[PDB]
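Q: First the structure, which I've put down as structure tokens, then a few questions once you've had a look.
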Amino acid sequence: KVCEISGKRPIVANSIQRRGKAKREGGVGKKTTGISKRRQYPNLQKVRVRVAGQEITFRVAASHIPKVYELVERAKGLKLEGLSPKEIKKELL
Amino acid sequence: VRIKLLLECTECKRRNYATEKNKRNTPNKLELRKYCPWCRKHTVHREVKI
Amino acid sequence: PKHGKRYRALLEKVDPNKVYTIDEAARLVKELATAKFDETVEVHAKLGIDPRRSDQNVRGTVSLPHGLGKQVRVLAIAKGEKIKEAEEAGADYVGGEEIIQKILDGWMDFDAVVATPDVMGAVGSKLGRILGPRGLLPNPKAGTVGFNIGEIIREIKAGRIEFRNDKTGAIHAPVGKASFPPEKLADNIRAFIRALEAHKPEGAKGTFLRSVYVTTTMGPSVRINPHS
RNA sequence: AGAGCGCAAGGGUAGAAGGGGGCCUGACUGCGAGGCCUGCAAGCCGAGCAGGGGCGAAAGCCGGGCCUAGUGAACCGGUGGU
RNA sequence: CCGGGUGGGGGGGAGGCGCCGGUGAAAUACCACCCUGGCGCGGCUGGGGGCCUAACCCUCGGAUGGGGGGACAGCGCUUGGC
RNA sequence: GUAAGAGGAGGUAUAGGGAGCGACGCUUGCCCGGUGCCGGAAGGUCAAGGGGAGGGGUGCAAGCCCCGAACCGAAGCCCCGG
RNA sequence: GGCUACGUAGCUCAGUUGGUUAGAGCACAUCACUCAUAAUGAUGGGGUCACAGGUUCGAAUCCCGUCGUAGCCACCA
């Protein structure tokens with residue numbers, strides 16, 4: 001999907017595993033010639049951290065969790081009261 | 001056919017070339033035939049490589 | 001008691017974690033010979049060539065730019081005319097084709113043999129069960145096939161050295177003679193290094209200069225930076 | 001000349017191409033006059049020239065085999081050199 | 001390898017051993033390295049097992065939690081097969 | 001169904017799904033050689049991977065980039081039998 | 001191509017880190033034992049250890065060189 005931190009959304013088609021077959025040199029070539037096309041899309045995960053007055057979940061990138069706990073850190077700096085789940089969660093950043 | 005195969009002689013005294021054929025099956029141990037190189041007159045020549 | 005008393009003192013001199021190099025080896029390992037007489041510097045040299053490789057076990061034929069001084073006497077079976085050459089060199093009873101039985105009919109006192117290529121054939125066939133096998137007969141590169149192998153009689157009198165691989169390259173350089181001090185030791189060992197790098201295989205990976213152990217003959221030895 | 005002349009046969013040959021010995025290594029290098037052939041392309045023939053080499057007393061022959069079959073342009077890449 | 005070797009504890013004591021000779025491929029105190037197989041550790045590097053829960057998955061009258069599984073599963077990326 | 005989830009099924013191995021023959025009565029024989037399929041903590045070849053002996057370009061050097069051995073890396077196919 | 005295992009008596013099969021003294025059952029052989037075949041026992045012929053090479057004083061017992069046999073990966077302008 002789309003990570004709720006620094007974007008990071010899927011990649012298609014001429015994104016890749018291609019198959020290919022490629023070329024190099026191992027005779028007349030590794031296998032010489034050879035070629036094809038495919039597909040590839042990012043990681044995401046879950047961080048349901050407490051923080052402040054209530055509980056809140058997160059859809060985090062494959063290397064952006066420290067940024068989440070940092071978001072927690074900045075969050076503490078202000079006033080976080082009232083029963084407001086994603087509403088507080090959004091107010092954060 | 002490879003049995004007669006194909007091999008190439010080269011002069012001693014650094015490189016030089018001339019193209020030939022063999023016959024490993026026939027009593028063909030090693031060859032050191034006498035020919036002429038690009039540089040200078042007729043000299044030595046040794047057999048090497050495929 | 002295990003390695004003797006002498007070697008326990010001469011154990012507290014090794015500190016089995018050292019190098020010395022041809023320098024400190026020449027000097028301190030000159031010292032390391034307090035047992036008897038002329039201990040042979042035994043440069044014990046080990047590398048890696050798969051203890052046969054059909055034809056990769058050196059041969060190394062060296063006189064070490066100084067001199068051993070022991071004996072071989074050569075004996076030789078140098079077909080009359082060749083005898084004459086050996087007659088000016090160091091060769092006891094050069095017997096062209098008849099002292100063969102003063103080797104084969106059990107009468108030792110010799111080494112090397114030098115002989116000739118001619119008799120090589122002949123005399124190689126008769127004694128190829130003691131001399132050759134155990135170490136003497138020709139080995140057409142051990143200073144034992146030729147007439148210019150009498151100049152080599154001189155070379156052997158000054159020192160043959162035989163370097164072979166056996167099971168570990170191993171070879172024992174034999175000078176030192178515990179009567180040579182720093183000088184002769186230095187230049188002898190360095191010379192052996194030169195011959196070591198003279199005879200090399202045709203594609204043997206690994207370390208063509210691990211084990212050096214330059215032991216006199218009775219004691220410590222720990223390497224020489226196997227290079228310097 | 002029905003023998004042989006590697007292999008199929010044709011053509012050819014004992015005024016040698018056949019078979020015996022001696023020295024060798026011209027299955028040479030840089031070029032190729034001018035012709036065979038022909039849709040192109042590829043194939044076929046070779047004088048002479050110059051470098052040096054082998055045999056020959058010499059005159060001289062030699063750029064593989066008596067010839068016609070034994071072959072695959074190019075694109076790609078291996079390998080040694082310039 | 002059933003023949004001795006290798007090691008320690010001790011009695012006790014001024015006495016005990018190595019070459020050639022002999023045999024065979026080789027001569028056997030001692031010294032140098034290495035190999036064979038082994039054993040203990042140190043540098044690197046893996047296979048396999050148990051437990052805990054706090055990742056993550058489930059579930060129970062609101063559950064901040066209780067109970068189960070648990071670093072497997074689920075998932076992202078890359079690897080080769082089918 | 002890319003997916004959330006959906007049915008299966010708020011059913012639980014006398015139940016849910018896939019194939020052959022087709023009530024019922026008699027009955028269903030040999031072949032594991034090829035192949036599908038079950039299983040198996042020795043092993044053969046191989047992926048990325050781990051690793052780093054060894055090589056090279058270059059800078060005075062410190063350094064950086066690239067090549068890469070021994071040997072340890074699965075699924076699988078070979079393998080062993082049902 | 002790369003790496004693996006193997007190829008020894010007419011038949012099929014062991015001896016494999018040496019060193020000795022190269023086997024086993026079938027089969028061929030003249031006998032032996034049974035009154036009688038067969039059962040089994042004995043003596044011989046057949047190895048030229050996939051071929052050479054090299055290590056060793058001394059390999060079928062190890063490295064190396066060629067092939068046949070097979071197996072997986074993997075190459076083919």
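In the structure tokens, chains take letters A, B, ... by order of appearance, with residues numbered from 1 within each chain and ligands from 1 in the order shown.
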Would you write out, as CSV, a table of all residues in chain A that have an atom no more than 8 Å from an atom of chain D, listing for each the closest atom pair and the distance in Å to one decimal, considering only C-alpha atoms (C1' of nucleotides) and ordering rows by chain and rising residue number?
A:
```
residue,atom,partner,partner_atom,distance
A:27,CA,D:78,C1',5.9
A:28,CA,D:77,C1',3.8
A:29,CA,D:77,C1',6.4
```
Q: Quick one: residues within 10 Å of residue 8 (chain F), only C-alpha atoms (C1' of nucleotides), excluding same-chain residues fewer than 3 positions away - as number ranges by chain?
A: F: 11, 16-17
Q: Only N, CA and C atoms (P, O5', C5', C4', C3', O3' and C1' of nucleotides), please: the residues just picked out, written as a PDB file, in the first residue's frame.
A:
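Below is the file again_24.pdb, written as the result:
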```pdb
ATOM      1  P     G F  11     -22.598 -25.609  13.145  1.00  0.00           P
ATOM      2  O5'   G F  11     -22.149 -26.990  12.492  1.00  0.00           O
ATOM      3  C5'   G F  11     -23.042 -27.758  11.697  1.00  0.00           C
ATOM      4  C4'   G F  11     -22.306 -28.463  10.585  1.00  0.00           C
ATOM      5  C3'   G F  11     -21.179 -29.386  11.031  1.00  0.00           C
ATOM      6  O3'   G F  11     -21.617 -30.691  11.374  1.00  0.00           O
ATOM      7  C1'   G F  11     -20.369 -27.912   9.374  1.00  0.00           C
ATOM      8  P     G F  16     -21.014 -33.510   4.564  1.00  0.00           P
ATOM      9  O5'   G F  16     -19.791 -32.683   3.961  1.00  0.00           O
ATOM     10  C5'   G F  16     -19.845 -31.266   3.873  1.00  0.00           C
ATOM     11  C4'   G F  16     -18.491 -30.658   3.600  1.00  0.00           C
ATOM     12  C3'   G F  16     -17.856 -30.957   2.250  1.00  0.00           C
ATOM     13  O3'   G F  16     -18.406 -30.222   1.166  1.00  0.00           O
ATOM     14  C1'   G F  16     -16.247 -31.260   3.925  1.00  0.00           C
ATOM     15  P     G F  17     -18.739 -30.958  -0.231  1.00  0.00           P
ATOM     16  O5'   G F  17     -17.325 -31.101  -0.945  1.00  0.00           O
ATOM     17  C5'   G F  17     -16.688 -29.966  -1.499  1.00  0.00           C
ATOM     18  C4'   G F  17     -15.235 -30.229  -1.795  1.00  0.00           C
ATOM     19  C3'   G F  17     -14.919 -31.103  -2.996  1.00  0.00           C
ATOM     20  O3'   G F  17     -15.093 -30.454  -4.242  1.00  0.00           O
ATOM     21  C1'   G F  17     -13.530 -31.713  -1.192  1.00  0.00           C
TER      22        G F  17
END
```
Q: Region 6-16 of chain B: which residues within 10 Å, counting only C-alpha atoms (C1' of nucleotides), same-chain residues fewer than 6 positions away excluded, as a PyMOL selection string?
A: (chain B and resi 22-24+31-39+42-50) or (chain D and resi 80-81)
Q: Counting only C-alpha atoms (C1' of nucleotides), what is within 12 Å of residue 99 (chain C), bar same-chain residues fewer than 3 positions away, as a list in words?
A: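 In the requested format, the answer is residues 75, 76, 77, 78, 79, 80, 83, 92, 93, 94, 95, 96, 102, 103, 104, 105, 106, 107, 108, 109, 110, 113, 115, 119, 123 and 127 of chain C.
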Q: Using only C-alpha atoms (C1' of nucleotides) and a distance of at most 9 Å, pull out the residues of chain C that contact chain E, as a PyMOL selection string.
A: chain C and resi 3-4+42-46+129-130+133-134+166-172+211-221
Q: When the cut-off is 12 Å and we count only C-alpha atoms (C1' of nucleotides), which residues of chain A are near chain F, given as a list in words?
A: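 Residues passing the distance filter: residues 1, 10, 12, 39 and 41 of chain A.
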Q: Please provide the set of residues having any atom within 8 Å of residue 75 (chain E), restricted to only C-alpha atoms (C1' of nucleotides), with same-chain residues fewer than 4 positions apart removed, written as a ChimeraX atom specification.
A: /A:43-45
